[PDB]
Amino acid sequence: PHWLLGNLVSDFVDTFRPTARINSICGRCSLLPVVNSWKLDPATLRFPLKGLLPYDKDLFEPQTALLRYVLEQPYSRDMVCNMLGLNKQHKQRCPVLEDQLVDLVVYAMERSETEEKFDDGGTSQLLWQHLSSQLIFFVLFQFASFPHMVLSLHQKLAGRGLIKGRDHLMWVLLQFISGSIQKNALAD
Amino acid sequence: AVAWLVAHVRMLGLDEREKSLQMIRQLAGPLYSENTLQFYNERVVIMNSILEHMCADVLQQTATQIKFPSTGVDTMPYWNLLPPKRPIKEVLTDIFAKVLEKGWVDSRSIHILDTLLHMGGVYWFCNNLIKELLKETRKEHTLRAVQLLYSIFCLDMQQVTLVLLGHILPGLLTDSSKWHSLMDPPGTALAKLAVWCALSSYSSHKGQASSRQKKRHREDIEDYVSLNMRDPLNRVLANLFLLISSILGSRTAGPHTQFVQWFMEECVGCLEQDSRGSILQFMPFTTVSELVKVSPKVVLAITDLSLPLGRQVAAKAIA
Amino acid sequence: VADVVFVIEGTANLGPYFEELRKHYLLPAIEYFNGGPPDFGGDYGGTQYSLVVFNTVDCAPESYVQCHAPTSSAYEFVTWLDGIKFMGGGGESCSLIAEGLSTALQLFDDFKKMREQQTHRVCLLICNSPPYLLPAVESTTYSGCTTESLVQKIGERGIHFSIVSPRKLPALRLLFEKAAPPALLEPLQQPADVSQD
Amino acid sequence: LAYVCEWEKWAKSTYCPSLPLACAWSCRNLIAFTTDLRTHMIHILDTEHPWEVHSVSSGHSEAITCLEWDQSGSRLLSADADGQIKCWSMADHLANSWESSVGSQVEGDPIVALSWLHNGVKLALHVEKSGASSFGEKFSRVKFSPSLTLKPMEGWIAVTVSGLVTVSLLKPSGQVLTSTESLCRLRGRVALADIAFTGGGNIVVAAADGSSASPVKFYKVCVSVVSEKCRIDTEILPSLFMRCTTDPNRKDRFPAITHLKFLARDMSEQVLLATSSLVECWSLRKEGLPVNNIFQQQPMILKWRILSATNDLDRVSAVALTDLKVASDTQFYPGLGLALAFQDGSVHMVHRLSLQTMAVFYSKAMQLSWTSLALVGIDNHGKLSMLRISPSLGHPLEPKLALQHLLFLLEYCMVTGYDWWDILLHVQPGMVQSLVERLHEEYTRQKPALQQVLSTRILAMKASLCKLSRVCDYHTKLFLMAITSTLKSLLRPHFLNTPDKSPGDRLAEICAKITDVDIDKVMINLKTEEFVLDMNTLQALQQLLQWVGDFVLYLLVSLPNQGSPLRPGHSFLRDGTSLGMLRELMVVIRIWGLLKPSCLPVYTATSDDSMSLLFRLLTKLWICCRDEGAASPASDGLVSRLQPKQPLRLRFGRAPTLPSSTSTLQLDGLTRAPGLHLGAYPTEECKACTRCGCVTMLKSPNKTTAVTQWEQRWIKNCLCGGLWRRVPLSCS
């Protein structure tokens, strides 16, 4: 707040801190088990409504963990659509949402990086492919400023995750571009 | 043998003869081969193993890992724990945010902090600390931050406080670029920080630690121009107070007038003994006279010993 | 296959003229190996080439070669070096780059280590000012002269080499035909782009 | 002693305690001046005319280290490395303009600035003595592995002083990222100094804390593996330490510099450093270990040995340092000389291994400027300006050996193309006159062929020798000779004519075989048609070529001035060869004017073709002076007539100098105390007018449409164009 002003405003916020705590609930860990005005529904990286002065940015920092957990879970299309979507066919605006899947791309390499999938110890790659397919089913706002995907490539250089990720990465890129080849141009 | 292996590891490690030698020595070779009239081989071997564990750390680091000759329960977990392929610019986002969100200083991590202390420089250490400090934008969080910070400054009080009083305060007051930061309500905490560390430093303090006594030999005159002794702490505090009085000058005061106001305010405290205020030709009297225009606070500070010098500031405080 | 080399040096001597030559000789030459300069993937595709333009010792007492163009996909860095080569070079007009072409030979060398599995190696060098100098490399082990450079470019390897200078013709073409292997320095003509210079 | 500056409004900054300082440039323009005013900006200053001091704001804090690489203007901007390396290359050499070439070392503090380009030149000075070696054995270059070649590329890769592993993400002139991550021994703590250029393409670094312990994190690292990747090695070279602690008396040494030099075999600058002074020196002499005493009766190993150590009295070190293994008996110049200023007043400059004493003439951080011993005044006295002391190379006097060493270093500077500042070292120019005479004699005789590429430069060098004084004649004469030769030479091959039997310029060169007068005859006698290039040539004759016309005019009036109080007066120009070149220029500009009426006439009177008579008088004096001719024939009397056509007020480019003879030169930061001709020179200023100090005095954008030939030809450094300066116009 204003420099040459007195602390009279600053402390006035502090004495206002406890009452707003009376309006908090918890650490906002996770509330989305179902697959069916509502809880856990942020508009632009922020769910709350009250214009008061709550505590530290733990309620102001985006709930990245929430969207990270809900997106990696199948059948999330309807869930994300009702929680942040609006006029899926009449309001195409390509929001900040893409950044989220960018992490889902980075996490992708993690799935191949983490102990090299324990040298194919299990079938986590199957769930990975299914989640990637589900995300491709929502390929309508993915390439908003398409070079953003190249950013995902930049983070892909981290630790040189080209050991085994490259195959599945190219595969899901194929799964995506196959439904949008004749739609867009070669420029993209 | 272990000590001389540690001496010889300073080579290119192309021979690694002492490594295999120590490995053989640490083995279970002496299985009652000779007429060992000890009957305490168990405890003796346990002590040999734990001593081999505490040393040879560099050899067990600079070379390939050992084949686990311990067969114990739980070795010393306290270690460097510094991520190799990561820079030093991680203390803030990994330690400070957590410790502010937490309720205590995370004692374990403190060890890490210690390694951080005698690794880099106290200068950039405190610099990056105070830099990461001014982000709360709420008095309560800044309060808790400086509370934890006064404690984290322990184990290095003397040199850390010296470097702070010498650089971090002029580092913002001298120029206008950093003035932007001083305007924040965190500024009050910074003032509280300053007076607290000054009080702790001026107070009796031995501070004799192995890793500190072995690394407490430098050279510094501070170039403190004088235009009741010759001590680095006292001289630095005098220079600091002189700069406070100078900043208290007119013709420009947007952020720093509030800074010196908070400084003088928090300086007022019972059972204190700082602000000695030499009374030959110094500023503190004129400084108190000017601060009176911003009532009996300075009327108590300047009253060092009821000396005839204090009569002047008393008459001025009469108003 | 199609291992070409593109060299120009008249930047110090004559800059704008090159820009004119680009409109008639440089740009059409590149289209012989690409469907049109746009932005595509680059790898060991045989048809790649380099782009080497330097200056003389006049006002460069600390730099002779800074070439970097392994593949460049023949479009992007090619057009870049074409339009963003240089504007410097003073001193006088006696010699600009001969030691450069020697380094050019060295480039062919790496092809022997890179183009394994022939390729009918070709090369082209441009220089407006007539060059002559005593030093040879000052950069690498190989050393010689202009004569050594040409006999290496012709006899040591059958690299077709020409020099498309400005419309003017200095006393250079004469000595550059003393090679028993056909030098084929003919492609200096206002007629359209030759198939293979 | 001499060459001291000062800053009026700024002082030692009594408010801030202090700040470490540093600067070093082995090339021209060697002033960087890290300091704190009353974080702060960084300054740059040239060696000649230091009145126009320049500075530029930085973007970081504490500005700990900077060290350039080559003649290309660059800097490092260390201490969290914000605003990393770049060139200036904007219009001149007085603006930083730090481009996007930035390496983001996130919140670090390294003190490394290194990785030069190529090998160090070899000098067999004592053996060769430059008798007739013709730069062959006198100046050579030892084969040296170039760091990560591909053509020698180069990056600003350094070592993390604050950090403990490595630096990565190198993008030299390719804009490519190439990001990776390496472990680098997983442990370390360093306060070291770098020593990069070793035998192989590797880098060396070793120091941790000081005399307290004895650790040295020797990191032998390799960077050249494959494109778009890094494999930084973690080879621990054999460790070592400062044996100073052998004294049972005390051990309080605590070194804080321990710097090295580019030759990683023969130095170790460990030194006891408040309340102490004791230099030390070790080597890397490989030798086998005494494997014995095991019984009755790979040897390749490295155990360091001592080189030199003693007790001294000094606080601040400046810099460490030709080749070794030479019996430098007759050599007394600072060959590998290591000096450092003493706190107590005078500076006891003395070479290594002796340290005894030298002439003193009784009744923070520095670096060696060059072979000529003129240091920089950044000693431990606060924010004080630079100083200079006597560059005397040895105790005794030897004029012959003196001029020998001078010509040696001059030829070295010539072949290496670096700047020269041995000006203060040489005695008054009489000895320098004999020196340049001998120099040009050896140049002409034993060139043997490098002349065709080394001429121009040394001519400018001549200027410097004729710069200081009474002998200002050769200065102007050589300037005019150089500029005329350059302009004519560049004008020659600028013809897009049709080919013929021989080259156009070559066939024009033979014009010497022609009659005396009537150039209009000889022009058609050789060739007339193939000389026109294009309609757009009407910008040179009336604007810039007029000079040469006026030039020959300035000869006529200056012809009968032998009785003046100056033997050559303004100039003499009695060479003939250069005169023949100018006469060829006259005939070609004559045929030019025949091709276009916008030529340069006499502009005054008697047009009904003064140029013809001018040319015939010039050819007359030429043939009267071509092959060992006379000077002042009877023709001289008649040509001495002043025709009503000669103009005046010509530039005759020149510049001031630094006549600091023996005692003292005190200047401020500003307000100096006394002591391209394409028009672009009105009375008052009319544009930015980026000029230069040699002769130029020209405009910045050249204000033209298609005359880009000259402009582009002189965008970079002009004839000795290191002095490309800039200054705004006055305002009321």
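Some values worked out for this structure:
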item: Alpha carbon centroid spacing (whole Å) that separates region C:1-69 from region D:125-192; result: 28 Å
item: 5 angstrom amide H check on D:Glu107, placed H, neighbours 5+ away; result: none
item: Derived scalar couplings ³J(HN,Hα) [region B:20-29; Karplus, 6.51 cos²θ - 1.76 cosθ + 1.60; whole Hz; x for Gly, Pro]; result: 5, 4, 4, 4, 5, 5, 7, 6, 8, x
item: Ranking of C:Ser72, D:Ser104 by count of other Cβ atoms within 10 Å, fewest first; result: D:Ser104, C:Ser72
item: Inter-label distance for D:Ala630 and D:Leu450, nm, one decimal - labels placed 7 Å from Cα along Cα-to-Cβ; result: 4.4 nm
item: Region C:11-23 - phi-based ³J(HN,Hα) in whole Hz, Karplus 6.51/-1.76/1.60, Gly and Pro as x; result: 4, 5, 5, 9, x, x, 4, 3, 3, 5, 4, 4, 5
item: Alpha-carbon centroid distance for the pair region B:289-319 / region D:413-466, whole angstrom; result: 76 Å
item: For D:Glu235, residues with placed amide H under 5 Å, excluding near neighbours; result: D:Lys220
item: Within the protein assembly as shown, percent of DSSP bridges classed antiparallel, to nearest 5; result: 70 percent
item: Region C:1-118, dipole about Cα centre (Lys/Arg Cβ +1, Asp/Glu Cβ -1), debye to the nearest 20; result: 160 debye
item: Modelled FRET efficiency - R0 35 Å, D:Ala605 with D:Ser469, Cβ distances, 0.05 increments; result: 0.30
item: For region D:621-629, Karplus couplings with θ = phi - 60° (6.51, -1.76, 1.60), whole Hz, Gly/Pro x; result: 5, 4, 5, 7, 10, 5, 9, 6, x
item: Helical contribution to [θ] at 222 nm, DSSP H n ≥ 4, -39,500 (n - 2.57), averaged over chain D, rounded to 500; result: -6500 deg cm²/dmol
item: Centre separation in Å (Cα based) which lies between region A:24-94 and region D:53-74; result: 49 Å
item: Nonlocal amide H pairs with D:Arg388, under 5 Å, H built at 1.01 Å; result: D:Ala2
item: Extreme residue, positive dipole direction of region D:232-348, given options D:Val291, D:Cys281, D:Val326 (C-beta unit charges); result: D:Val291
item: Proxy reagent accessibility, fewest Cβ within 10 Å first, across D:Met300, D:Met697; result: D:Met300, D:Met697
item: Dipole in debye (nearest 20) - region B:185-224, about Cα centre, beta carbon charges: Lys, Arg +1; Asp, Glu -1; result: 380 debye
item: Least to most buried among C:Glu31, D:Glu529, D:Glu68 (fewest other Cβ within 10 Å first); result: D:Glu529, C:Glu31, D:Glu68
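Note: ideal-geometry Cβ built from the backbone for every residue, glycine included; neighbour counts use all protein chains shown. Values in this text are rule-based calculations from the coordinates and carry no lab data.
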